[PDB]
There are 2 protein chains.
Amino acid sequence: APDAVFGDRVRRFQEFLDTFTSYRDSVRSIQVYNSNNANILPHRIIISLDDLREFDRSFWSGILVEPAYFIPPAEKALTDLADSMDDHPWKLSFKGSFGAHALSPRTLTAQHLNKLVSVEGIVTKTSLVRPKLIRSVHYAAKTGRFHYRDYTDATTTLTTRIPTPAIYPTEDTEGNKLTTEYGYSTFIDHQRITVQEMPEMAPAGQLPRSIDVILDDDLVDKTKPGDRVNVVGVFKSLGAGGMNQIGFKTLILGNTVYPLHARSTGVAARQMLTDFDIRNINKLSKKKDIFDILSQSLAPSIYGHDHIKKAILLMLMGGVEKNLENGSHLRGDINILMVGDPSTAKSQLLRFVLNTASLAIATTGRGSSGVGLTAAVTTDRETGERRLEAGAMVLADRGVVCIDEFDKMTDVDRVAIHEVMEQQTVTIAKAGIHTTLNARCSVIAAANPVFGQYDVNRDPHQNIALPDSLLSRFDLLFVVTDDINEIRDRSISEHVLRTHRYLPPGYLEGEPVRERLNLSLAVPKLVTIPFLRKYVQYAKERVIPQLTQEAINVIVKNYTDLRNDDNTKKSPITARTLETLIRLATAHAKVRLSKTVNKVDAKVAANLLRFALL
Amino acid sequence: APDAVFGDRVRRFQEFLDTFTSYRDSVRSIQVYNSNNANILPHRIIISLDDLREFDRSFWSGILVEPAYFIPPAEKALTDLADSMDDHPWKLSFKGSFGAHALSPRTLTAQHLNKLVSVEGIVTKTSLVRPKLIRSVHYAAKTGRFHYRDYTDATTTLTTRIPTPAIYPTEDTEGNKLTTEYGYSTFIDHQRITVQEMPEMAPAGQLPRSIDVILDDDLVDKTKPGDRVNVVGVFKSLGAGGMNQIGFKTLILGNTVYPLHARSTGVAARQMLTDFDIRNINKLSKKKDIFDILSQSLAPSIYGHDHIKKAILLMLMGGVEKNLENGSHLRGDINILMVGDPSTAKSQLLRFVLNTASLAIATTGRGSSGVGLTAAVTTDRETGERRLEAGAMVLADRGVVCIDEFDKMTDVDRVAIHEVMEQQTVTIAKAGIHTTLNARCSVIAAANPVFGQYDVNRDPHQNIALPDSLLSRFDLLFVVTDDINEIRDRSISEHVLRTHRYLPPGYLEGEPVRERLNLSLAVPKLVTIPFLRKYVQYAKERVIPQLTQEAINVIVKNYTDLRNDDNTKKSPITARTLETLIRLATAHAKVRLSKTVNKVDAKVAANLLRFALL
DNA sequence: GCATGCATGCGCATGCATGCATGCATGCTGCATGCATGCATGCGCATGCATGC
DNA sequence: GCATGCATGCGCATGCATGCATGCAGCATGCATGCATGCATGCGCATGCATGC
Ligand SMILES: Nc1ncnc2c1ncn2[C@@H]1O[C@H](COP(=O)(O)OP(=O)(O)O)[C@@H](O)[C@H]1O
Ligand SMILES: Nc1ncnc2c1ncn2[C@@H]1O[C@H](COP(=O)(O)OP(=O)(O)O)[C@@H](O)[C@H]1O
Ligand SMILES: [Mg+2]
Ligand SMILES: [Mg+2]
């Protein structure tokens with residue numbers, strides 16, 4: 001029967017939902033969607049814990065401290081408003097600043113039980129999504145009547161109830177036999193996941209701590225193993241810890257699950273674009289020095305190397321791939337290789353690409369070997385089946401892979417990369433498993449000269465020492481050297497000393513600067529690094545240029561000319577060069593946001609290739 | 001959760017209540033009463049089982065056969081209509097013809113369990129009305145909050161439920177002590193009664209059969225021990241008949257309780273007066289021979305005895321009694337005595353008064369003795385207290401007592417009747433009991449002459465032989481004799497032979513006429529016996545005449561004249577004669593329906609007294 | 001007016017429906033034993049590759 | 001070209017999380033007796049009345 005306290009807690013949350021009206025229209029929107037569009041959306045909204053502090057302090061403190069008394073009231077209050085604006089229950093989500101309830105699996109203790117918490121870590125394993133039976137319907141052929149029953153369990157209501165163990169009906173109240181109507185019963189899905197502390201926040205050489213999260217219905221398939229995640233929910237004690245006859249059974253009943261992005265991880269980074277942002281992105285295009293402004297802002301601290309600055313942007317945007325009715329796939333990724341002297345900032349260039357790209361994985365020479373790049377087979381304890389867990393290149397699909405110290409790899413891995421750089425498929429034929437996986441990735445790499453330093457007397461085949469088959473699979477092979485000089489020594493020295501003296505905004509000189517780990521959230525003046533990602537993200541999703549009848553003649557001339565010319569080149573010439581020219585041409589048209597490839601872009605591609613060749 | 005069958009059964013009873021709209025306005029009336037009048041009325045109505053047969057046959061058959069499935073639906077349907085017309089639950093009652101479900105406690109067997117039945121019999125014992133606790137409210141001084149709980153049992157719902165044995169709360173959910181708020185809790189009353197087969201329908205010399213009826217709330221104090229009753233309800237089996245370890249526990253859960261009237265019983269007879277009836281009753285008055293027409297219709301089959309015919313009507317209407325501020329009570333009942341020869345139809349006159357009067361008890365000489373007339377003391381097994389059960393004259397309050405063979409009584413009962421005929425109180429002083437009871441009754445009696453036949457040679461003191469104290473307590477002493485003759489022999493013979501040849505309407509001559517037991521229900525041409533009761537009932541309730549300054553002189557003259565006159569009279573003269581004249585005068589004014597006594601009535605009273613005296 | 005037998009209350013004795021604790025034994029049930037089963041582990045050996053000479 | 005040493009997969013024993021039945025015992029519930037209690041029975045005895053003579 002009605003409780004006064006429940007009623008007042010509902011009333012105050014009705015007033016809260018009335019004062020800040022940004023949540024009512026959000027509820028309106030989902031009904032508008034599910035009616036006008038008949039992908040049915042789930043019945044949920046998100047609340048800010050910062051708004052609650054301003055509106056009411058005690059109600060805020062109560063959800064932080066006593067969720068099991070203030071959450072069902074708020075949910076019922078929300079359901080009432082939903083049924084009000086209406087011409088299936090509803091549930092809430094939580095965001096804002098939590099404070100002392102922003103914990104990790106190691107610092108989460110028994111004094112935080114029965115409160116709402118935020119937990120950080122890595123997802124290590126997910127289970128199979130299973131149906132759960134709620135209501136079952138039956139039929140009696142001797143009376144022409146249908147009967148039903150309801151089932152419930154302890155992980156669906158935040159407060160403790162008196163158990164009702166009902167049974168599965170096979171028989172009528174007179175004895176008539178009942179047929180089970182599987183299509184008329186209701187089933188709701190279930191999944192369980194385990195979380196662990198992230199490897200770069202955990203103490204070195206110490207065993208890790210983990211926590212179990214239970215998800216149901218709509219939150220059931222949001223993540224995969226090996227992800228950075230933030231979860232919010234109630235830390236619940238269950239059952240009796242052996243007092244009917246280790247301790248109590250503890251787990252989190254999830255309500256919010258946020259994917260997070262980190263360096264060298266399989267979760268991509270995306271940002272929400274404001275119309276103001278779009279206006280600047282589109283304004284920048286018309287000025288006909290877009291390429292130079294964007295190129296010089298690519299790690300401006302390294303000096304020169306402007307053509308590699310161009311090439312990295314061309315790889316970051318990339319062309320277009322094409323599928324024919326036949327069933328043929330034609331590649332559209334660009335790959336870069338760099339050979340130079342042992343103090344030419346190769347690793348700074350690689351690390352910058354790792355920091356800026358939306359999805360990137362870092363590998364160093366012999367570091368990754370064999371299965372570590374392609375895939376490996378494991379066994380599942382429960383079902384007993386043999387499964388696959390992804391290697392580096394399977395994870396970096398529609399992305400970039402950074403290979404530092406490229407020349408240190410064995411031939412066995414080289415033959416495996418031959419298949420990824422051209423067909424972009426990985427084929428596995430192990431005991432019982434025969435499957436093909438997708439790996440559509442671009443590759444950037446850096447290599448050391450065989451003789452320590454580049455020898456101008458000898459020809460390239462004696463300095464590089466890589467097979468022609470692998471060389472042809474790289475679109476661009478750049479060579480760089482540091483010529484000892486005085487003019488450039490002065491110029492470089494002065495600039496490098498400029499850089500080494502820089503105050504971050506807001507410190508008195510002397511004060512040490514402070515380091516923090518950057519965890520993201522997923523959904524001629526130089527341009528800011530945070531804006532370059534916004535530019536690229538729009539430039540890939542929106543523009544898909546088509547080929548014109550003009551520039552084909554330029555490409556044809558350049559390819560024919562190169563193949564019937566007799567200068568010693570830094571790479572062999574094949575049909576791969578023919579396709580490379582088109583990929584390069586379409587990348588520049590992605591830079592310009594035009595719907596068609598053009599002649600100026602074709603000549604920029606040709607100029608770049610010829611500089612990198614001769 | 002909702003049942004389809006329950007829903008359809010509710011819907012059809014909504015249609016039934018809609019087609020016959022005589023039950024909706026009855027519900028309207030009770031709300032009108034309880035709002036306008038703020039004696040709150042109970043929430044109940046009465047349905048006809050004859051209407052149900054015409055509207056739907058299967059629904060009728062279902063209530064007769066399956067009450068436990070069609071009664072809760074009908075009650076809910078009624079509650080919905082009540083809450084509809086509204087600008088606490090409601091319940092039903094049943095009347096009409098039942099058929100094979102009109103049984104007695106002897107013919108009620110185990111094949112009628114779980115069906116609605118009608119039972120006839122006599123109420124033999126009633127229990128004490130006790131409160132029953134439903135909802136209890138509490139207070140916590142450490143939190144300023146009030147808590148409640150609900151209780152239920154098996155005798156409140158017609159269908160079987162799963163028991164919930166809740167406990168009495170003394171403690172809060174934290175441990176705070178609670179005060180019990182007796183004024184805020186809800187209590188509903190309870191009573192149990194036993195029924196037995198009536199003595200004039202039961203087989204002679206055989207032990208009787210009985211049945212238990214449970215009544216609750218509003219039906220809790222409708223009857224008293226020693227009443228003819230008709231009860232309708234469900235015949236229920238309760239508990240487990242020893243199968244957890246005689247047979248099952250059987251009882252009736254009452255819904256309807258009707259009092260019935262029978263000859264020589266304490267339940268009065270009343271009829272509902274139609275406006276058409278009132279018009280005839282009031283029309284008859286204006287004609288100035290009302291007394292003669294009503295008098296000659298009093299058992300017309302007995303011949304002559306017209307002055308006794310008048311006297312019986314005067315007793316049947318009676319005067320008015322008066323209470324003073326002082327605390328004095330002045331009598332208003334009339335009493336009659338008759339002395340005559342052994343073939344003068346005395347007992348026919350007595351039996352006619354027994355059959356016609358609204359409440360009458362028959363006693364014959366030595367038949368009733370001692371406690372049988374006044375009262376007796378018994379003991380109650382449960383509470384152990386000494387109680388009183390009423391004798392004949394305590395039961396016949398505001399009524400008549402017929403004593404045939406008056407001269408056969410002993411002096412001990414005569415002294416007890418001295419107190420009833422004058423002060424109309426009975427005083428009991430037994431061990432522990434000292435109480436005074438009300439007995440306001442009129443008395444008619446008949447006595448035998450001492451010498452077999454009335455001897456004209458001797459004076460009345462030698463023929464009657466009753467004490468002057470008792471004679472003065474009788475208003476009228478009539479004497480009658482049969483004078484052997486020829487003219488009156490012919491006249492009486494012919495009339496008596498007329499009577500002995502009479503065909504009831506609708507029989508071929510020869511066919512025996514059929515006897516039936518007449519059980520009533522409670523709430524110059526000759527006038528019908530059924531109408532005389534209607535006349536008397538209105539004449540007593542409505543008219544209460546007052547005394548005028550005119551007729552007092554007539555009464556004064558007659559009383560003075562009689563007390564200073566020297567003829568041998570048939571009774572002594574006292575102030576009892578003075579009061580008798582006023583009682584007689586006011587009775588005739590009750591016959592005329594005038595608001596004041598008059599002179600013509602006074603002279604009729606004087607004439608009647610002087611005929612009965614001389 | 002006197003003598004008599006009946007019916008009315010006293011004054012014994014006994015049985016009888018209610019009601020509740022105690023010692024013995026019933027009847028179930030939670031606990032300790034034994035065991036089948038299938039997945040993972042910790043291991044030594046044979047092959048194919050990379051690094052000199 | 002040739003000789004050598006390391007990483008990878010094959011082959012072999014062993015331990016160990018799940019899971020379920022059975023004999024034995026510990027353990028609480030229902031039953032049989034035993035009695036206390038207060039009411040009602042029914043049974044002879046004394047008194048006050050109604051009848052006969
Ligand atoms: N052209 C350059 N401009 C600025 N700094 C440079 C340049 N070349 C090298 N450096 C600096 O010198 C160091 C080069 O180290 P590293 O990145 O290991 O070189 P490499 O990868 O070529 O062996 C870094 O401090 C880098 O910042
Ligand atoms: N005056 C009368 N008129 C009609 N019938 C009479 C009359 N007197 C007597 N009777 C009849 O004679 C019989 C009298 O019997 P009963 O009532 O016992 O007489 P009583 O009571 O006077 O001794 C009945 O059949 C009655 O109907
Ligand atoms: Mg380096
Ligand atoms: Mg008689």
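Below, each value reflects all heavy atoms present in this structure, side chains not excepted, and no hydrogens, waters or symmetry copies. Every chain is numbered from 1 and lettered A, B, ... according to where its sequence line falls, protein lines coming before strand lines.
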Picking from C/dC31, C/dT8, D/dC31, which would you name as closest to the side chain of B/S369? C/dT8
Take B/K430 and A/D380, find for each the nucleotide of DNA chain C with the closest heavy atom, and name the residue whose nucleotide sits nearer the 5' end. B/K430
Pairing partner (Watson-Crick or G-U wobble, both distances under 3.5 angstrom) of C/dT4: D/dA50
What is the distance from CZ of B/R414 to P of D/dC49, rounded to the nearest Å? 15 Å
Side-chain H-bond candidate by donor/acceptor type, A/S369 with A/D413, under 3.5 Å: no
Roughly, in whole Å, what's the span from CE in B/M243 to P in D/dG30? 19 Å
Under the criterion side-chain hydrogen bond (donor to acceptor under 3.5 Å, both in side chains), I'd like the reasoning laid out for B/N438 against B/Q424: C-alpha separation, chi angles, the key distance, then a yes or no. CA-CA 6 Å; B/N438 292 119; B/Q424 290 175 350; over 6 Å; no
Specify the residue among A/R381 and B/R381 whose closest nucleotide of DNA chain D lies further upstream toward the 5′ end. A/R381
Taking for each residue the nucleotide of DNA chain C with the nearest heavy atom, is it B/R366 or A/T410 whose nucleotide lies nearer the 5' end? B/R366
Among D/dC49, C/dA50, C/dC31, which is the nearest nucleotide to the side chain of A/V412? C/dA50
D/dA17 P sits how many Å from A/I246 CD1, rounded? 13 Å
For A/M409 and D/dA7, give me the distance from atom CE to atom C1', rounded to whole Å. 17 Å
Distance, P atom - from D/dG34 to C/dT18, rounded to whole angstrom: 23 Å
Hey, what's the ring geometry for A/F406 with A/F474, parallel, tilted or perpendicular (30° and 60° as the breaks)? perpendicular
Got more than 12 heavy atoms from elsewhere within 6.0 Å of CZ, B/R414? yes
Just wondering, more than 12 heavy atoms not from A/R192 lying within 6.0 Å of its CZ? no
Find the partner of D/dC43: check Watson-Crick (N1-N3 plus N6-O4 or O6-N4) and G-U wobble (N1-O2, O6-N3) distances, both under 3.5 Å, and reply none if neither fits. none
Whole angstrom value for the distance that separates P of C/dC39 from CZ of A/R386: 12 Å
Taken to the nearest whole Å, CD/B/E382 to P/C/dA17 is 18 Å
Gap between atoms CG and P, on A/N244 and C/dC31 respectively (whole Å): 10 Å
Using atom CD of B/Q245 as one end and atom P of D/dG30 as the other, report the distance to the nearest whole Å. 10 Å
Only pairs with both distances under 3.5 Å count, Watson-Crick or wobble alike; so what is the partner of D/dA25 in this structure? C/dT29
